[PDB]
Each structure stands twice: as C-alpha cells, then as structure tokens.
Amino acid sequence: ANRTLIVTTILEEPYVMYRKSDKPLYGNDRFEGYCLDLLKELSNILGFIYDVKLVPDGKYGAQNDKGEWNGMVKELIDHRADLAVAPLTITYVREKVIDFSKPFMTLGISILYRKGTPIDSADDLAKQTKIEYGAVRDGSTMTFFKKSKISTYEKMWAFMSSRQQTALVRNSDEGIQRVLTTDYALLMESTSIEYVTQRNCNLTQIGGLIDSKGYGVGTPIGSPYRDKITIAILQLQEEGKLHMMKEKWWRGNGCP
C-alpha cells in the first residue's frame, strides 16, 4: 500500500477546527473544516490515506535574519510532512523554498476592528495614534509588512516591530480577543474577516483589500505529489466543488 502521507496543518476557523463530540475522537476524526473536506476530496482523487498533524510550533512560517524558517514551511523544507493543507498563503519568498499547488482560494489583507471609529483605511490607521495594530507573528501578513516598500506599510511595519512582543499576536484567536478587549486592530486575511464578521456583530472590516493572493497546498521542493495535487485542485475548481465547500463552511449571513 501507498505510504500514509503526513499532513502538517494548523488550527484556523473554519479551515481546521476541533470537532465537537460527546464521545472520544481519535486521529483525523478530531478535526473538521474546509481543509479537512479538501483533504477527503484530494485523497480520493490521488489514492492515498493521510495522518493530520498540527504544526508543533503553532506557526504558519517566516524566515529570520539567518534565513531559518519555522512553522509549516519549515516542516516541508525539512521533509517532516508530505503536504501542508491549511490556509497557507502562496508567496514569492515561500515559493523559492517549497512547492505550492495552484491556488484553491483567493483573498487579500485587510483590517479587523470594532465598530464606531472614523478609521476608514490603512492610511488612516497608520496616521492616528489612539488605536494600536498588529498581525499574527510569523505569517504572511507580518511578512507583507516586513517586506513592503510602500511608505504607509513601511511605517506600519516599524510600528508593529517596535513593539513586537506586544503588537504581534500568537494566533488569530489572541488577535481577535485583543480587538474585542483593547484598542487594537488586527491586520487579517479577508476570508477570515468575512467569517468572523458574520458571527460576531461587534466586529467589522476597515477599508478594502490591500493586496490579492491565493492559498495553496504546500509540498517539499521536488515533491512528486505537487503536480498531482495541482491537477486535483483544478478538477475540484472546475466541478464547482471548491465553491460548494466555501459555501458550506462560511454560510450564512449573521450580522447587519
């Protein structure tokens, strides 16, 4: 039999979540979400079974000054996992070190905050001095700011970095809690803003999308699975299955 593939992933609603049950759940059955449904589909098309393993350091992945990676990206570089199936952003810096499938979803960075402020854009947010802001540490949103040559975003990076231990949160849940309880706005991918703002009516998007990019399945460079995964993603795309999965996990509209 084909060796069981190791899948690295991360908890992120509604992609990967703990299933609620009154009885014990083991192995893959502990998890549900868009990315678990994606895995069920891809594995049917490619002919494998898999073992879902949450990334030990709880990070998506960024590189330090020494060029060392962490998170799911590191798991792939180091051949600890065969695939990363998660809301994993396809980026230039990552594509140089891992192989991504074609995208299965598109999105862009935007701002999550509470309601009732005059802040209407990143420019407004960077300029004002009442509300703090940040991003999840060691994800692509942090990296977008770190790498930006756009003045507003350079200032925003310098601010986030100056108070990093502070402004950069461990994960999206900590970020959302910080938005709800303190004067802090979270730079967040739009598909997650769409999800949370239809569930918590105290939350809102500020401004539009600041960029546009995709999520892809990650594999180590040279993986004999990447092309097969790409072909399967295109099948699911064209058959309307990715759209159906999005509707399933985001439905419906809960806030004015």
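Quick note: we count residues from 1 along the sequence shown, nothing fancier. Under this definition, the rigid core comprises the largest set of C-alpha atoms superposing within 1.5 Å between the forms.
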{"query": "Comparing 162 to 170 and 95 to 103 where Cα RMS over structures and residues is taken in 8 other deposited structures of this protein (core fit), larger one", "finding": "162 to 170"}
{"query": "Higher C-alpha RMS shift from the shown form in 8 other deposited structures of this protein - 196 to 204 or 213 to 221, rigid core fit", "finding": "196 to 204"}
{"query": "Higher-scoring stretch by recorded Cα B factor average, 119 to 127 or 79 to 87", "finding": "119 to 127"}
{"query": "Stretch with the greater mean C-alpha B-factor as recorded in the entry, comparing 11 to 19 against 242 to 250", "finding": "242 to 250"}
{"query": "Highest-ranked of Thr219, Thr191, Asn64, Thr230 once sorted by CA temperature factor in the record", "finding": "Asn64"}
{"query": "Peak C-alpha temperature factor (PDB record), options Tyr225, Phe48, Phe31, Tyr195", "finding": "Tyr225"}
{"query": "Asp211 CA temperature factor, ranked by third within the chain", "finding": "middle"}
{"query": "B-factor third for the C-alpha atom of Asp37 within its chain", "finding": "lowest"}
{"query": "B-factor third for the C-alpha atom of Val93 within its chain", "finding": "middle"}
{"query": "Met142 - Cα temperature factor, lowest/middle/highest third of chain", "finding": "lowest"}
{"query": "Cα B factor band for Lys74 (lowest, middle or highest third within the chain)", "finding": "middle"}
